[PDB]
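Since the structure comes first, as structure tokens, the remarks are kept for the end.
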There are 2 protein chains.
Amino acid sequence: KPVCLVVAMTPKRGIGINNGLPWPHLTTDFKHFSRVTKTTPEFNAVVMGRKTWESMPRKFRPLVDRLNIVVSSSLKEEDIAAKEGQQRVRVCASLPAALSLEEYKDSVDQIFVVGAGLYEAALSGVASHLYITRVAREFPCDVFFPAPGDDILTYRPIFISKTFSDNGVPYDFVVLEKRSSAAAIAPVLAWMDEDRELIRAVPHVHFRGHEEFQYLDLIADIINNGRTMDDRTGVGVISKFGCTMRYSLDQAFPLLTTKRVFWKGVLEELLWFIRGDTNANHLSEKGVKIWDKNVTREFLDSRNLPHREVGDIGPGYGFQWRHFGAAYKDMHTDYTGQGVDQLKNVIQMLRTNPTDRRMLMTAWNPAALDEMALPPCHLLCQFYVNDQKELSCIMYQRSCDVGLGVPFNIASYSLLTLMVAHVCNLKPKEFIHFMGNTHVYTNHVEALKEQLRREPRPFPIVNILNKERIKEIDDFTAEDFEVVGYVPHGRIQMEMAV
Amino acid sequence: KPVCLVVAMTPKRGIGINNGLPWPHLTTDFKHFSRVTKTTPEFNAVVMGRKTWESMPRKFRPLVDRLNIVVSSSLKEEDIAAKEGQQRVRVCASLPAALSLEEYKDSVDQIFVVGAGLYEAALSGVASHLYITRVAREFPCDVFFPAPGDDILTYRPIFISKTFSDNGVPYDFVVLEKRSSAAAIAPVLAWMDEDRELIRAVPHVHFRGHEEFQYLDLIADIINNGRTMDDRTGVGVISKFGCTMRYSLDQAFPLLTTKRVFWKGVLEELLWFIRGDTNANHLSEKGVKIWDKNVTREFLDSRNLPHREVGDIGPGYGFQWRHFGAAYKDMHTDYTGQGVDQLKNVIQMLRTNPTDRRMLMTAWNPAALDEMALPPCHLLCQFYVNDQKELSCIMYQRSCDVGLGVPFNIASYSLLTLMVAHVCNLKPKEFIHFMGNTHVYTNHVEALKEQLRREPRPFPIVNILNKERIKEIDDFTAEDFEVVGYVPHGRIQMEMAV
Ligand SMILES: NC(=O)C1=CN([C@@H]2O[C@H](COP(=O)(O)OP(=O)(O)OC[C@H]3O[C@@H](n4cnc5c(N)ncnc54)[C@H](OP(=O)(O)O)[C@@H]3O)[C@@H](O)[C@H]2O)C=CC1
Ligand SMILES: NC(=O)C1=CN([C@@H]2O[C@H](COP(=O)(O)OP(=O)(O)OC[C@H]3O[C@@H](n4cnc5c(N)ncnc54)[C@H](OP(=O)(O)O)[C@@H]3O)[C@@H](O)[C@H]2O)C=CC1
Ligand SMILES: C#CCN(Cc1ccc2[nH]c(N)nc(=O)c2c1)c1ccc(C(=O)N[C@@H](CCC(=O)O)C(=O)O)cc1
Ligand SMILES: C#CCN(Cc1ccc2[nH]c(N)nc(=O)c2c1)c1ccc(C(=O)N[C@@H](CCC(=O)O)C(=O)O)cc1
Ligand SMILES: Nc1nc(=O)c2nc(CNc3ccc(C(=O)N[C@@H](CCC(=O)O)C(=O)O)cc3)cnc2[nH]1
Ligand SMILES: Nc1nc(=O)c2nc(CNc3ccc(C(=O)N[C@@H](CCC(=O)O)C(=O)O)cc3)cnc2[nH]1
Ligand SMILES: O=c1ccn([C@H]2C[C@H](O)[C@@H](COP(=O)(O)O)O2)c(=O)[nH]1
Ligand SMILES: O=c1ccn([C@H]2C[C@H](O)[C@@H](COP(=O)(O)O)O2)c(=O)[nH]1
């Protein structure tokens with residue numbers, strides 16, 4: 001009785017223009033499409049429409065090792081005679097009729113629907129599952145997919161793949177669904193035990209391969225297995241202390257789809273980190289006001305620096321990066337020469353001695369803290385190159401703010417890793433996340449509660465444009481980037497704690 | 001009709017003396033001895049010898065919610081309690097004759113035999129499984145256990161507990177034994193897994209809950225999933241970059257059992273980080289030579305310090321902890337007063353502002369590296385207290401030598417945590433391990449793997465002696481400790497890549 005439907009698709013439901021597919025041969029999909037419809041472990045049926053049949057290459061088009069059926073009225077038998085095992089290709093008046101052709105039951109064990117209108121037909125019971133490549137890079141189409149919701153901003157999600165990429169296209173794969181020895185030793189497992197938790201992320205999606213879940217389940221654990229603590233601000237925290245998330249970069253770039261990340265500013269801050277700016281005023285008016293609230297006249301006073309020109313973060317972050325150990329004067333002082341340029345070495349090292357185990361970047365100088373707007377959240381990282389000339393990053397963070405900053409802070413260093421990857425002449429492998437007191441604020445509860453009701457969407461690609469004018473990490477300029485096929489959910493307003 | 005035994009013994013197989021039990025009430029065992037023997041998710045039987053019966057206080061004697069059978073010819077008639085009143089008591093002649101009580105077979109699911117004399121005749125033919133509370137201390141005994149091979153230096157494992165403890169007694173729990181749609185989901189998992197000799201720590205131990213496994217498994221993955229690299233020394237490693245481990249402290253200290261830890265030096269070294277000495281000729285002189293290797297005349301001349309007194313580690317770990325950023329003169333130089341006393345701030349904060357997120361200890365001072373014998377491995381740590389006045393630690397190691405140093409490293413910063421927990425007046429919970437490039441030298445390939453065969457033994461518990469006289473971190477003296485119930489296998493010995 002039951003059937004399945006293979007579809008690749010632009011997020012707005014496009015499938016095929018001028019009789020074809022609009023994306024350049026994406027190959028990790030062609031794997032997927034093959035090794036689904038071909039398998040019963042170690043033949044199946046593939047039922048397409050007349051025009052679906054046409055969009056195929058002549059040598060390819062007897063779809064191999066599975067029976068084909070074509071819902072057509074004009075053609076029938078001019079098809080073959082066009083030349084082992086390979087089944088005589090059939091033509092069935094309609095799709096309910098394709099099903100009737102069952103003379104065939106037992107001789108096939110899975111039927112797979114590879115056409116628009118034919119798709120509408122399938123919906124008008126039949127199926128149960130819908131194998132769907134989520135393509136995120138949009139293209140123009142004419143033939144669009146029919147009416148379950150998300151993909152853009154019932155058949156329930158049961159699988160999310162981890163986002164891949166070929167020839168400029170980010171896309172993940174999804175699955176929609178219609179809606180003694182061993183035991184003798186449980187007596188003891190029984191008592192050391194406590195079991196279900198049950199404020200968890202996305203339950204009905206069983207296979208959870210989209211890397212973002214680390215984060216979403218990092219939320220759950222926090223409220224589930226965290227403790228309700230005081231902190232500086234006056235706004236209640238729920239903390240675990242010490243977690244971890246590592247992400248793939250070698251395909252798609254890890255910008256949180258769950259809610260519109262603030263890209264813009266994580267880029268603008270990195271530069272500001274690459275530059276060595278300590279004047280947060282240089283940020284503010286470029287539209288990035290995240291640090292505006294940590295240097296206010298009213299705040300530097302409550303940080304015991306009455307001696308600071310509102311904005312000055314002092315020897316904070318990147319200052320410690322490029323000028324370590326120096327006597328910092330003011331956010332107008334040209335510091336070019338003073339202090340260790342940690343960051344200078346990392347790249348010098350990486351391009352000559354990649355096997356070194358001294359590729360770090362410490363923003364924690366104890367002989368400072370009471371001079372900065374605030375002592376550093378993300379305080380240290382490390383770089384590494386293995387067999388495949390692939391760069392990889394670890395960053396260590398004292399205080400991670402999951403509702404708000406983490407999302408941000410995530411890209412920041414992933415983005416950076418790309419930065420470093422390129423300058424050193426490499427292809428970027430993995431960023432990883434090591435966190436101190438890991439917590440969420442109390443007014444972040446209800447809002448995060450709701451973010452948990454969102455499916456992760458395929459990650460974007462982030463490109464370095466102008467790779468050939470870029471030779472060093474400064475040659476990077478707020479323009480040399482392309483945030484592609486990024487398909488976010490809606491932003492969630494979560495208040496910052498001063 | 002095979003069965004299970006309820007043991008609770010010392011490493012040499014000692015079980016009871018002068019008719020009692022030789023260890024002070026151990027409660028986490030008593031529960032364990034309760035829950036096991038009456039179960040199979042919706043009674044059982046407990047069979048014992050005459051004196052094994054006279055052990056119990058009469059209030060305990062009727063072992064409630066189970067069947068009690070006592071093989072003995074002397075005792076025939078009793079009553080000490082004699083209501084529901086389900087229990088029913090029964091006396092026997094011999095064990096094979098208690099078995100011969102199957103009436104009963106329906107009324108009871110499994111029988112458990114709880115001592116000596118009856119233990120040795122239960123083997124000498126039925127049985128199958130052995131519920132054994134490995135007790136890590138020895139005590140004076142007379143009534144021992146029969147003929148063991150894994151209490152000290154068939155019945156194969158399956159399950160290892162995680163070392164608990166009551167009243168100064170560490171002990172593991174172990175088990176020995178005789179010798180609807182997701183079908184849709186499969187097609188895709190299939191191909192993704194498609195690369196798929198993998199060696200593995202004790203695979204005949206299914207439940208692996210001891211904790212040391214993290215490390216043993218840490219080995220497996222390293223050779224299994226790591227890269228063949230050239231490193232500084234010219235030895236060659238297999239490395240993964242980015243691993244972790246976090247160990248239970250509030251019951252037992254995580255001193256490694258698979259191979260004898262070189263405890264002795266670990267204690268001394270930390271104190272020598274607590275003292276901050278740089279002259280390794282002090283260390284050498286108490287019989288610890290792990291560091292005398294990287295401070296030879298030839299090594300500092302290979303570190304282009306022609307001006308360093310064979311030993312002087314430079315402004316290394318300890319120096320960076322107690323006197324930060326300060327001009328370092330020599331390994332004799334009294335520096336008392338210079339720089340930042342990172343550590344002193346930590347306790348200071350912890351006794352006052354525990355909810356702080358500024359309780360750290362950085363030894364990565366990049367304005368130093370060119371001076372020291374080596375740039376710091378265990379570079380950063382962090383202190384945290386939840387609302388349960390419990391401490392916790394993260395340390396961050398840039399580089400890790402799994403074979404030799406890691407075990408060593410493990411104790412150090414655990415041992416530390418205990419100190420910090422006691423001095424701040426707290427009860428320690430957990431240490432956590434964050435490692436960068438994590439690698440095993442290629443000449444450790446074989447030694448390790450032979451370590452892989454060894455069972456973890458229950459962890460030891462470590463005590464601070466002279467808790468009263470100890471008021472600050474300095475008040476610690478190389479003798480204010482005892483290692484209790486540590487039962488390692490022999491040390492393997494793995495060369496150090498100079
Ligand atoms: N990205 C992806 O996953 C996919 C990409 N594509 C693309 O889509 C485009 C073509 O799709 P589409 O225009 O919808 O063409 P179809 O493959 O759906 O074929 C249409 C024709 O098939 C017959 N047919 C289809 N449905 C019915 C029906 N319900 N009842 C009776 N006959 C039916 C008719 O044939 P007749 O006129 O002879 O009577 C009809 O003209 C191409 O550009 C193609 O490459 C195609 C498949 C999937
Ligand atoms: N740590 C633990 O897990 C355990 C602790 N213990 C301790 O062990 C000690 C007592 O053990 P143990 O000395 O060995 O005494 P037992 O419990 O084995 O009892 C011995 C008596 O039971 C009868 N009996 C036992 N075995 C046989 C046999 N094979 N054939 C015929 N009769 C048999 C005889 O009784 P009779 O003379 O009347 O004919 C015999 O004298 C105590 O100190 C007790 O507390 C006891 C249980 C387990
Ligand atoms: C991490 C980091 C760097 N930082 C610095 C920074 C400084 C103090 C902090 N304080 C606290 N308590 N939490 C933080 O996350 C935090 C972050 C950030 C600061 C703000 C936003 C932020 O407000 N994001 C919002 C709105 C931004 C916008 O659109 O203008 C959002 O879109 O969700 C992001 C990053
Ligand atoms: C980590 C750390 C601190 N250190 C410092 C230290 C310095 C340089 C290093 N270099 C390398 N390549 N690996 C290390 O583990 C290492 C460790 C240690 C050094 C040696 C031993 C060691 O030799 N342990 C042996 C034998 C000791 C003995 O004689 O008893 C053992 O018993 O296993 C342990 C710790
Ligand atoms: N996910 C998905 N991706 C697609 O490309 C796709 N294409 C169609 C129709 N278009 C085409 C065009 C060419 C081939 C094709 O040549 N198929 C080969 C793949 C070669 C390989 O094994 O890599 C095949 O034999 O299956 C298939 C479908 C229908 N559903 C789809 N569904
Ligand atoms: N693992 C193990 N631990 C033991 O202490 C033990 N003891 C015996 C015999 N000694 C004793 C002495 C007293 C009680 C007793 O009072 N039993 C109570 C436990 C109380 C509780 O539930 O906490 C019982 O009702 O089972 C049991 C065994 C046999 N096998 C053992 N096996
Ligand atoms: O890059 C950053 C910078 C700041 N914070 C958040 C984490 C803490 O919740 C908050 C307050 O800083 P402290 O009170 O921990 O200094 O800032 C981040 O998460 N990431
Ligand atoms: O506390 C320590 C000190 C040293 N090492 C080992 C790790 C490296 O294998 C080795 C060499 O140091 P670098 O070449 O990475 O500096 O020392 C540790 O694992 N832990």
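Going through the structure tokens in order, the chains are called A, B, and so on, while each chain numbers its residues from 1 and the ligands are numbered from 1 in the order shown.
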For the strand (DSSP E) assignment from backbone DSSP, which residues of segment 81-159 of chain B qualify? Please present them as a short mmCIF file (atom, residue, chain, number, x, y, z; two decimals) with N, CA, C and O atoms, in the first residue's frame.
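Just written: result.cif:
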```cif
data_model
loop_
_atom_site.label_atom_id
_atom_site.label_comp_id
_atom_site.auth_asym_id
_atom_site.auth_seq_id
_atom_site.Cartn_x
_atom_site.Cartn_y
_atom_site.Cartn_z
N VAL B 89 9.85 -19.16 56.43
CA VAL B 89 11.25 -19.61 56.55
C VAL B 89 11.39 -21.10 56.35
O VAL B 89 10.45 -21.87 56.58
N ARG B 90 12.59 -21.51 55.95
CA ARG B 90 12.88 -22.90 55.68
C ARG B 90 14.35 -23.22 55.99
O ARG B 90 15.24 -22.41 55.69
N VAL B 91 14.59 -24.39 56.60
CA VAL B 91 15.95 -24.90 56.85
C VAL B 91 16.30 -26.04 55.89
O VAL B 91 15.41 -26.64 55.29
N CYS B 92 17.59 -26.33 55.75
CA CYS B 92 18.00 -27.34 54.79
C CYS B 92 19.03 -28.33 55.32
O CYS B 92 19.28 -28.36 56.52
N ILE B 111 17.17 -17.18 42.50
CA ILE B 111 17.72 -17.36 43.82
C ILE B 111 19.09 -16.71 43.90
O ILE B 111 19.83 -16.68 42.91
N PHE B 112 19.40 -16.16 45.06
CA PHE B 112 20.70 -15.54 45.29
C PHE B 112 21.33 -16.21 46.50
O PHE B 112 20.66 -16.43 47.51
N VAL B 113 22.62 -16.51 46.39
CA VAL B 113 23.36 -17.07 47.52
C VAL B 113 24.34 -16.04 48.12
O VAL B 113 25.31 -15.64 47.46
N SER B 128 26.70 -18.94 37.58
CA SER B 128 26.62 -18.20 36.31
C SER B 128 27.07 -16.76 36.47
O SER B 128 27.96 -16.31 35.76
N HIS B 129 26.43 -16.04 37.39
CA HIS B 129 26.75 -14.63 37.66
C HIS B 129 27.16 -14.38 39.10
O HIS B 129 26.80 -15.13 40.00
N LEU B 130 27.93 -13.31 39.31
CA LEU B 130 28.50 -13.00 40.62
C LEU B 130 28.45 -11.53 40.90
O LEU B 130 29.25 -10.77 40.36
N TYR B 131 27.49 -11.14 41.74
CA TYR B 131 27.28 -9.77 42.17
C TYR B 131 28.30 -9.47 43.24
O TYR B 131 28.18 -9.95 44.37
N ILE B 132 29.32 -8.69 42.89
CA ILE B 132 30.46 -8.48 43.77
C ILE B 132 30.78 -7.02 44.02
O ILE B 132 31.02 -6.25 43.11
N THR B 133 30.75 -6.65 45.29
CA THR B 133 31.13 -5.33 45.76
C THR B 133 32.63 -5.35 45.98
O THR B 133 33.08 -5.75 47.06
N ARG B 134 33.42 -4.98 44.97
CA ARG B 134 34.86 -4.87 45.16
C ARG B 134 35.15 -3.84 46.24
O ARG B 134 34.86 -2.66 46.03
N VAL B 135 35.69 -4.28 47.38
CA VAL B 135 36.09 -3.38 48.48
C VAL B 135 37.61 -3.15 48.41
O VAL B 135 38.38 -4.10 48.51
N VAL B 143 37.57 -15.73 57.77
CA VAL B 143 36.66 -16.28 56.76
C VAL B 143 36.96 -15.55 55.44
O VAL B 143 36.60 -14.38 55.30
N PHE B 144 37.63 -16.22 54.50
CA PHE B 144 38.01 -15.59 53.20
C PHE B 144 37.07 -16.01 52.04
O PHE B 144 35.97 -16.52 52.28
N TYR B 155 34.96 -16.76 35.11
CA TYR B 155 33.96 -15.73 35.26
C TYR B 155 34.46 -14.40 34.70
O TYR B 155 35.39 -13.78 35.24
N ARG B 156 33.87 -14.00 33.58
CA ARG B 156 34.28 -12.79 32.91
C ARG B 156 33.36 -11.65 33.32
O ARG B 156 32.20 -11.90 33.60
#
```
Item to check | Contact residues (chain B, partner chain A, 8 Å, only C-alpha atoms) as a PyMOL selection string | outcome: chain B and resi 32+35-36+39-40+159+175+177+184-185+187-188+191+227-232+241-242+324-325+339-340+342+355-358+362+364-367+375+382+384+386-387+394+398-399+432+434+436-437
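The Cα RMSD of chain A against chain B, after a best least-squares fit over all residues paired in order, is 1.1 Å.
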Checklist entry - Can you tell me, as a PyMOL selection string, what residues are no more than 9 Å from residue 328 of chain A when counting only C-alpha atoms, ignoring any on the same chain fewer than 5 positions away? => result chain A and resi 314-315+319+323+333+335+338
Would you mind listing, for every residue of chain A within 10 Å of ligand 3, the two atoms forming the shortest contact and the distance between them in Å to one decimal, using only C-alpha atoms and all ligand atoms, sorted by chain and ascending residue number, as CSV?
```
residue,atom,partner,partner_atom_place_in_ligand_line,distance
A:232,CA,ligand 3,12 (N),9.7
A:233,CA,ligand 3,12 (N),7.8
A:235,CA,ligand 3,12 (N),9.1
A:259,CA,ligand 3,33 (O),8.2
A:260,CA,ligand 3,32 (O),7.1
A:261,CA,ligand 3,32 (O),5.9
A:262,CA,ligand 3,32 (O),4.7
A:263,CA,ligand 3,32 (O),8.5
A:264,CA,ligand 3,29 (O),8.4
A:265,CA,ligand 3,30 (O),7.5
A:266,CA,ligand 3,3 (C),7.0
A:269,CA,ligand 3,3 (C),7.7
A:270,CA,ligand 3,3 (C),9.7
A:284,CA,ligand 3,30 (O),9.8
A:287,CA,ligand 3,30 (O),7.3
A:288,CA,ligand 3,30 (O),5.9
A:289,CA,ligand 3,30 (O),6.0
A:290,CA,ligand 3,19 (C),3.8
A:291,CA,ligand 3,7 (C),5.5
A:292,CA,ligand 3,7 (C),8.6
A:293,CA,ligand 3,8 (C),7.5
A:294,CA,ligand 3,8 (C),6.5
A:373,CA,ligand 3,7 (C),9.9
A:374,CA,ligand 3,8 (C),8.7
A:376,CA,ligand 3,7 (C),9.8
A:377,CA,ligand 3,1 (C),8.4
A:378,CA,ligand 3,1 (C),8.5
A:399,CA,ligand 3,13 (N),9.0
A:400,CA,ligand 3,15 (O),7.5
A:401,CA,ligand 3,15 (O),4.9
A:402,CA,ligand 3,15 (O),7.3
A:403,CA,ligand 3,15 (O),7.3
A:404,CA,ligand 3,15 (O),4.6
A:405,CA,ligand 3,15 (O),3.2
A:406,CA,ligand 3,1 (C),5.4
A:407,CA,ligand 3,1 (C),6.9
A:408,CA,ligand 3,1 (C),4.6
A:409,CA,ligand 3,1 (C),4.0
A:410,CA,ligand 3,1 (C),7.6
A:411,CA,ligand 3,1 (C),9.1
A:412,CA,ligand 3,1 (C),8.0
A:440,CA,ligand 3,12 (N),9.3
A:441,CA,ligand 3,12 (N),8.3
A:491,CA,ligand 3,32 (O),6.5
A:492,CA,ligand 3,33 (O),6.5
A:493,CA,ligand 3,33 (O),6.5
A:494,CA,ligand 3,33 (O),6.9
A:495,CA,ligand 3,23 (O),7.8
A:496,CA,ligand 3,12 (N),5.4
A:497,CA,ligand 3,12 (N),4.5
A:498,CA,ligand 3,12 (N),6.2
```
Output C-alpha atoms for every residue in that selection, as a PDB file, in the first residue's frame.
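Here's the written file result-v8.pdb:
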```pdb
ATOM      1  CA  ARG A 232      26.870  40.070  39.162  1.00  0.00           C
ATOM      2  CA  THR A 233      24.016  41.635  37.132  1.00  0.00           C
ATOM      3  CA  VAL A 235      19.309  38.891  36.860  1.00  0.00           C
ATOM      4  CA  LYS A 259      16.869  32.341  14.895  1.00  0.00           C
ATOM      5  CA  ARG A 260      18.235  35.077  12.681  1.00  0.00           C
ATOM      6  CA  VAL A 261      21.751  35.464  13.981  1.00  0.00           C
ATOM      7  CA  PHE A 262      23.168  38.891  13.979  1.00  0.00           C
ATOM      8  CA  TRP A 263      25.744  38.316  11.323  1.00  0.00           C
ATOM      9  CA  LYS A 264      26.576  41.934  10.529  1.00  0.00           C
ATOM     10  CA  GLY A 265      28.046  42.692  13.969  1.00  0.00           C
ATOM     11  CA  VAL A 266      29.921  39.450  14.588  1.00  0.00           C
ATOM     12  CA  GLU A 269      33.539  42.925  15.845  1.00  0.00           C
ATOM     13  CA  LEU A 270      36.012  40.424  14.495  1.00  0.00           C
ATOM     14  CA  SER A 284      28.309  51.953  17.693  1.00  0.00           C
ATOM     15  CA  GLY A 287      25.128  50.180  13.625  1.00  0.00           C
ATOM     16  CA  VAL A 288      26.643  47.728  16.118  1.00  0.00           C
ATOM     17  CA  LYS A 289      25.539  48.744  19.581  1.00  0.00           C
ATOM     18  CA  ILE A 290      26.182  45.471  21.476  1.00  0.00           C
ATOM     19  CA  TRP A 291      29.079  47.052  23.385  1.00  0.00           C
ATOM     20  CA  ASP A 292      27.410  50.453  23.763  1.00  0.00           C
ATOM     21  CA  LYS A 293      25.986  49.316  27.103  1.00  0.00           C
ATOM     22  CA  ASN A 294      29.287  48.130  28.630  1.00  0.00           C
ATOM     23  CA  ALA A 373      35.127  47.684  30.635  1.00  0.00           C
ATOM     24  CA  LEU A 374      34.968  43.984  31.514  1.00  0.00           C
ATOM     25  CA  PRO A 376      37.183  38.743  28.641  1.00  0.00           C
ATOM     26  CA  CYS A 377      34.322  36.218  28.072  1.00  0.00           C
ATOM     27  CA  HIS A 378      35.972  34.341  25.201  1.00  0.00           C
ATOM     28  CA  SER A 399      31.351  32.921  30.655  1.00  0.00           C
ATOM     29  CA  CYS A 400      28.923  31.753  28.039  1.00  0.00           C
ATOM     30  CA  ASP A 401      25.583  33.508  27.582  1.00  0.00           C
ATOM     31  CA  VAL A 402      23.382  31.034  25.703  1.00  0.00           C
ATOM     32  CA  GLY A 403      20.220  33.054  25.040  1.00  0.00           C
ATOM     33  CA  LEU A 404      22.125  35.816  23.311  1.00  0.00           C
ATOM     34  CA  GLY A 405      25.946  35.894  23.000  1.00  0.00           C
ATOM     35  CA  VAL A 406      26.837  32.251  22.401  1.00  0.00           C
ATOM     36  CA  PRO A 407      24.899  32.259  19.105  1.00  0.00           C
ATOM     37  CA  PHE A 408      26.888  35.351  18.222  1.00  0.00           C
ATOM     38  CA  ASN A 409      30.183  34.297  19.785  1.00  0.00           C
ATOM     39  CA  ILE A 410      29.848  31.049  17.788  1.00  0.00           C
ATOM     40  CA  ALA A 411      30.121  32.518  14.308  1.00  0.00           C
ATOM     41  CA  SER A 412      32.744  35.045  15.441  1.00  0.00           C
ATOM     42  CA  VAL A 440      20.951  31.135  30.868  1.00  0.00           C
ATOM     43  CA  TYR A 441      19.126  34.118  32.336  1.00  0.00           C
ATOM     44  CA  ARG A 491      14.695  36.870  15.526  1.00  0.00           C
ATOM     45  CA  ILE A 492      13.816  36.331  19.190  1.00  0.00           C
ATOM     46  CA  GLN A 493      13.854  39.330  21.455  1.00  0.00           C
ATOM     47  CA  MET A 494      15.770  38.417  24.569  1.00  0.00           C
ATOM     48  CA  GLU A 495      16.767  41.236  26.907  1.00  0.00           C
ATOM     49  CA  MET A 496      20.446  41.766  27.672  1.00  0.00           C
ATOM     50  CA  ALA A 497      21.424  41.930  31.352  1.00  0.00           C
ATOM     51  CA  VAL A 498      23.495  45.067  32.099  1.00  0.00           C
TER      52      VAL A 498
END
```
Item to check | Contacts with ligand 5 at most 6 Å, only C-alpha atoms and all ligand atoms counted, listed as a list in words | outcome: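 The distance check yields residues 6, 7, 8, 29, 30, 31, 33, 34, 56, 60, 63, 64, 114 and 133 of chain A.
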Next on the checklist: Please identify all protein, DNA and RNA residues within 7 Å of ligand 1, counting only C-alpha atoms and all ligand atoms, and report them as a PyMOL selection string.
Outcome noted: chain A and resi 6-9+15-21+48-53+55+71-75+93-95+114-118+120-121+143
Next on the checklist: Please return, as a ChimeraX atom specification, all residues of segment 106-271 of chain B that DSSP assigns to alpha helix (DSSP H) on the basis of the backbone.
Outcome noted: /B:120-123,186-193,213-225,263-271
Item to check | Residue nearest ligand 7 among A:65, A:370, A:109, A:138 (counting only C-alpha atoms and all ligand atoms) | outcome: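 Of the candidates, the smallest distance to ligand 7 is held by A:370.
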Item to check | Pick from A:167, A:278, A:302, A:320, whichever lies nearest to residue 334 of chain A using only C-alpha atoms | outcome: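 Ranking A:167, A:278, A:302, A:320 by distance to residue 334 of chain A, first place goes to A:278.
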Checklist entry - Between A:153, A:445, A:484, A:424, which one has atoms that come closest to residue 472 of chain A, using only C-alpha atoms? => result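 Nearest to residue 472 of chain A: A:424.
Between atom CA of residue 98 of chain A and atom CA of residue 69 of chain A the separation is 7.0 Å.
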Item to check | Contacts of residue 201 of chain A at 7 Å (only C-alpha atoms; same-chain gap of 3+ positions) as a ChimeraX atom specification | outcome: /A:216-217,220,452-453
